[PDB]
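K.L.:
Please see the structure below; I have some questions.
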Amino acid sequence: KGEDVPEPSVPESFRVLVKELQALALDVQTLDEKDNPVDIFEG
Amino acid sequence: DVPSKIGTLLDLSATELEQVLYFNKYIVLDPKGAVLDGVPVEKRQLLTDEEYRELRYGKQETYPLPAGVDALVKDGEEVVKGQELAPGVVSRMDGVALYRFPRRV
Amino acid sequence: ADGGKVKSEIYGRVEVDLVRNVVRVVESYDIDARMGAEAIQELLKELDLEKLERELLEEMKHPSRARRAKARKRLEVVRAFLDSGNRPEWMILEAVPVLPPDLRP
Amino acid sequence: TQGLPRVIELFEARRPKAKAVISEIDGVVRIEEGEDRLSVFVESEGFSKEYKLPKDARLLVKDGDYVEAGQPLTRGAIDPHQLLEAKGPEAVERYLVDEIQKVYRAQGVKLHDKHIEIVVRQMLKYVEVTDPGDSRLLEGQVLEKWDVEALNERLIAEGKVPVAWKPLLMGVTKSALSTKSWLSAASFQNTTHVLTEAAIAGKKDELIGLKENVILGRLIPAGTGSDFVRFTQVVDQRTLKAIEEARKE
């Protein structure tokens, strides 16, 4: 469509690992500089 | 793992004991270990399958007797580990005996 | 039996033999000794962590210096858990999670 | 030894074959006895330290010579761990770089020292505690993060213990191994140890290095992904004045 391409929301790699971690227990909190949580998922 | 991050926070003879506390028998005396097994309780420490029985159920032994033979010991008698209960039976534990079903009154 | 005269001198189960006219008590204490991860979990759930910090900061100063590189070792895990948010005992899972379907197709 | 095996020997801080003895102490040399048994004494006023040689050994201090703190007696290679304690961390750094280069040079290769330097410094990243202020008395700690305590408890919140440490020559691998961020640490020989541990402690990454962010699929913290440059915005003549006329509203 002749658009610039990206703004890739969140590296899938990231999501995958986090979930592949949950599956093994282990919370893996992702946090911004204000140190509160982010949710790299929205769903 | 290799430091055994559970069998360090409570010892449990490192491992071998931990691995013994699910697979392959062996109980861990959790709380209020109230007993004595020669010396007092072991608290957070190992115990057999027998040792548990011999500790909250008490020890009983039933000495099967051949038909037509007598019993050297009298019904209510503080019998001892090793003393003949019969001309064929040996008592494997120190304590009072009983008479489980007599054949002649 | 018989008011306050006849008393049991031991710990145990009470048997009542209304033929022998005796009350006997089988030498059986009431231990809470659980086997399995249920116990290991139970041991972990009730454990004063700070009290284990203390006993070690004391085993820090006056040891024979032999198994003193195991006394110190304990604290790394203890204090780790202490200023973590991790309650130990979570090392023992009640619910096991299931990895989402599309990640294991 | 020569070639690449040498460069590893070096980058990995490895106590070699033919350690070729160095004197631990200053003092005066004295070679004694031939063929039967060969030993060399470097005895100053006071101490008389003795250094028994293979006999075959091609020693390179002749009798009478005065000697230095960590000076080679025998020839051969030099242990970079023996050098650390005898003669400090810089002298170490300076040995490593100059030896590693001794080979690339010897062969044909020309590269700048800084590269080797950058790496070598990392071999010196950590130090082990002796008599602490906060943590357990034995732990290995990053040189900088100990200053985060040394020149912290001797300024604003001054007192307690400055935390004494020791210089700690880490081989290239070992050093790579002990690397704060668990994400990175995971990619090495035993991923479980890492995670097990890092899970117990509420461990956090922060994701400073690169090996980290590539793992996650994040935009590398370098080049165009450098915090120092990526926030740079470009506004365009008429866009700027028109953006100015909706700011005072």
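Naming works like this for the structure tokens: A, B, ... for the chains as they're shown, residue 1 at the start of each chain, ligands 1 onward in shown order.
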I need the alpha helix (DSSP H) residues of region 18-91 of chain B per DSSP on the backbone, written as a VMD selection string.
P.N.:
chain B and resid 50 to 56
K.L.:
Could those residues be written to a file, using C-alpha atoms, as an mmCIF file, in the first residue's frame?
P.N.:
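What ended up in result_24.cif:
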data_model
loop_
_atom_site.group_PDB
_atom_site.id
_atom_site.type_symbol
_atom_site.label_atom_id
_atom_site.label_comp_id
_atom_site.auth_asym_id
_atom_site.auth_seq_id
_atom_site.Cartn_x
_atom_site.Cartn_y
_atom_site.Cartn_z
ATOM 1 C CA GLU B 50 8.409 -48.785 60.131
ATOM 2 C CA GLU B 51 9.624 -46.029 62.487
ATOM 3 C CA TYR B 52 6.411 -44.106 61.822
ATOM 4 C CA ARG B 53 4.198 -47.123 62.522
ATOM 5 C CA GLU B 54 6.225 -47.881 65.640
ATOM 6 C CA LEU B 55 5.524 -44.294 66.785
ATOM 7 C CA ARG B 56 1.845 -43.338 66.280
#
K.L.:
Per residue of chain A within 10 Å of chain C, which atom pair is closest and at what distance in Å (one decimal), using only C-alpha atoms, listed by chain and increasing number, as a tab-separated table?
P.N.:
residue	atom	partner	partner_atom	distance
A:16	CA	C:103	CA	7.7
A:19	CA	C:99	CA	7.2
A:20	CA	C:99	CA	6.7
A:21	CA	C:99	CA	8.8
A:22	CA	C:97	CA	7.4
A:23	CA	C:99	CA	4.9
A:24	CA	C:97	CA	7.3
A:25	CA	C:97	CA	7.1
A:26	CA	C:91	CA	9.6
K.L.:
Residues as selected, N, CA and C atoms, written as an mmCIF file, in the first residue's frame, can you do that?
P.N.:
data_model
loop_
_atom_site.group_PDB
_atom_site.id
_atom_site.type_symbol
_atom_site.label_atom_id
_atom_site.label_comp_id
_atom_site.auth_asym_id
_atom_site.auth_seq_id
_atom_site.Cartn_x
_atom_site.Cartn_y
_atom_site.Cartn_z
ATOM 1 N N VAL A 16 6.428 -14.377 23.394
ATOM 2 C CA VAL A 16 6.758 -15.790 23.444
ATOM 3 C C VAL A 16 7.518 -16.169 24.710
ATOM 4 N N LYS A 19 5.617 -15.814 28.074
ATOM 5 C CA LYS A 19 4.645 -16.909 28.215
ATOM 6 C C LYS A 19 5.325 -18.259 28.376
ATOM 7 N N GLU A 20 6.381 -18.478 27.608
ATOM 8 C CA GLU A 20 7.109 -19.727 27.706
ATOM 9 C C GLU A 20 7.751 -19.785 29.080
ATOM 10 N N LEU A 21 7.790 -18.656 29.782
ATOM 11 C CA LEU A 21 8.296 -18.680 31.149
ATOM 12 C C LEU A 21 7.173 -18.994 32.135
ATOM 13 N N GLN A 22 6.063 -18.265 32.041
ATOM 14 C CA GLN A 22 4.873 -18.512 32.861
ATOM 15 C C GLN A 22 4.572 -20.002 32.978
ATOM 16 N N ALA A 23 4.721 -20.704 31.862
ATOM 17 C CA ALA A 23 4.411 -22.117 31.761
ATOM 18 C C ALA A 23 5.258 -22.955 32.707
ATOM 19 N N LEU A 24 6.265 -22.334 33.289
ATOM 20 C CA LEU A 24 7.253 -23.037 34.077
ATOM 21 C C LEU A 24 7.248 -22.439 35.492
ATOM 22 N N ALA A 25 6.080 -21.959 35.927
ATOM 23 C CA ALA A 25 5.968 -20.999 37.023
ATOM 24 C C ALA A 25 6.794 -19.762 36.660
ATOM 25 N N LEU A 26 7.110 -18.904 37.629
ATOM 26 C CA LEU A 26 7.916 -17.694 37.365
ATOM 27 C C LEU A 26 7.144 -16.524 36.701
#
K.L.:
How close does each residue of chain A get to chain D, giving the shortest atom pair and distance in Å to one decimal for every residue with an atom at most 9 Å away, counting only C-alpha atoms, sorted by chain and residue number, as JSON lines?
P.N.:
{"residue": "A:10", "atom": "CA", "partner": "D:218", "partner_atom": "CA", "distance": 8.0}
{"residue": "A:11", "atom": "CA", "partner": "D:217", "partner_atom": "CA", "distance": 5.1}
{"residue": "A:12", "atom": "CA", "partner": "D:217", "partner_atom": "CA", "distance": 7.3}
{"residue": "A:13", "atom": "CA", "partner": "D:217", "partner_atom": "CA", "distance": 5.4}
{"residue": "A:14", "atom": "CA", "partner": "D:216", "partner_atom": "CA", "distance": 4.6}
{"residue": "A:15", "atom": "CA", "partner": "D:216", "partner_atom": "CA", "distance": 8.4}
{"residue": "A:17", "atom": "CA", "partner": "D:216", "partner_atom": "CA", "distance": 7.6}
{"residue": "A:26", "atom": "CA", "partner": "D:199", "partner_atom": "CA", "distance": 6.6}
{"residue": "A:27", "atom": "CA", "partner": "D:199", "partner_atom": "CA", "distance": 8.4}
{"residue": "A:28", "atom": "CA", "partner": "D:199", "partner_atom": "CA", "distance": 8.5}
{"residue": "A:29", "atom": "CA", "partner": "D:204", "partner_atom": "CA", "distance": 8.7}
{"residue": "A:31", "atom": "CA", "partner": "D:206", "partner_atom": "CA", "distance": 9.0}
K.L.:
Can you work out which one of D:139, D:12, D:158, D:79 has the shortest atom-to-atom distance to chain C, counting only C-alpha atoms?
P.N.:
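Between D:139, D:12, D:158, D:79, the residue approaching chain C most closely is D:139.
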K.L.:
Counting only C-alpha atoms, what is within 9 Å of residue 97 (chain B), bar same-chain residues fewer than 3 positions away, as a list in words?
P.N.:
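The neighbour list is residues 73, 74, 75, 76, 77, 78, 79 and 85 of chain B.
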K.L.:
Please, which residues of chain C lie no more than 7 Å from chain D when the count uses only C-alpha atoms, and can they be set out as number ranges by chain?
P.N.:
C: 80-81, 84-86
K.L.:
Take the residues that were just selected and, keeping C-alpha atoms, output them as a JSON list (two decimals), in the first residue's frame.
P.N.:
[["chain", "number", "residue", "atom", "x", "y", "z"],
["C", 80, "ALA", "CA", 17.32, -13.33, 48.89],
["C", 81, "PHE", "CA", 13.88, -14.64, 49.78],
["C", 84, "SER", "CA", 12.29, -10.40, 47.45],
["C", 85, "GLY", "CA", 8.51, -10.70, 47.53],
["C", 86, "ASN", "CA", 8.93, -14.37, 46.93]]
K.L.:
List the spatial neighbours of residue 43 (chain C) as a ChimeraX atom specification - criterion: any atom at most 9 Å away, only C-alpha atoms, same-chain residues fewer than 5 positions off excluded.
P.N.:
/B:10,30-31,44 /C:38,89
K.L.:
Define the interface residues of chain B facing chain C as those within 12 Å, counting only C-alpha atoms, and report them as a PyMOL selection string.
P.N.:
chain B and resi 3-12+14+17-37+40-49+51-60+75-76+94-99
K.L.:
Which polymer residues have any atom within 12 Å of an atom of residue 68 (chain B), counting only C-alpha atoms, with same-chain residues fewer than 2 positions away left out, as a VMD selection string?
P.N.:
chain B and resid 65 to 66 70 to 71 86 102 to 104
